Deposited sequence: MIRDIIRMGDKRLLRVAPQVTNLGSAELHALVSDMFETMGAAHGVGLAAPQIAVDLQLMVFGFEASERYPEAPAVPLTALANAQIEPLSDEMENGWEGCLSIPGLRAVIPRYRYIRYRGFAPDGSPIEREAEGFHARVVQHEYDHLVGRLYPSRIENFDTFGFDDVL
């Protein structure tokens, strides 16, 4: 079931999401399935649950980046090195900006079946995760733009 992605301006993208407590359940497996499908129909590499108006610590992502579904995520930077790179947002369609993120992270959480997940990530993999994590804490990419020359429409830049 493809879901409606909500757009910037909606208060539901501004909340801080509660934890998932139904790992292994059929309801959650259904929601994850929906999320991968919705992510695919919109052509994303990442999608957080608040983007489809579900208030939960849950994200999907993957392109190389492993196709992953991740609940109750925590992220730890592994150095102070930041890197710049392009981002967009299915909730801000048409736009893109350059955004500084940590080059090296570790993330931890659970697969939908209850299995623990813990990985080190770098570059693009690491960026997609930082970006979706931001959704879980009510934060969007414009608030991290440093150089506003880079903010523009995809077809123009």
Pop the missing stretches of the deposited sequence into a list, counting residues from 1 and keeping sequence order.
-> 64 to 73
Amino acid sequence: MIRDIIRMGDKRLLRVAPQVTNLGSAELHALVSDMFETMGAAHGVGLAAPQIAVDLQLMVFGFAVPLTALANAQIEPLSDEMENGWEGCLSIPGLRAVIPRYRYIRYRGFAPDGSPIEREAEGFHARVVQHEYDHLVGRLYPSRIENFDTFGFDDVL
From here on, numbers count along this sequence of modelled residues.
For the C-alpha atoms alone, is the average B factor greater in 86 to 94 or in 122 to 130, going by the entry?
-> 86 to 94
Within this chain, which third does the Cα B-factor at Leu47 fall in: lowest, middle or highest?
-> lowest
What third of its chain, lowest, middle or highest, does the C-alpha temperature factor of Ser33 fall into?
-> middle
Sorting the chain's modelled residues by C-alpha B-factor, tell me whether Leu140 ends up in the lowest, middle or highest third.
-> middle
Ranked against its chain, the third holding the CA B-factor of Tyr102 | middle
Relative C-alpha B-factor of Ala73, binned into the chain's lowest, middle or highest third | middle
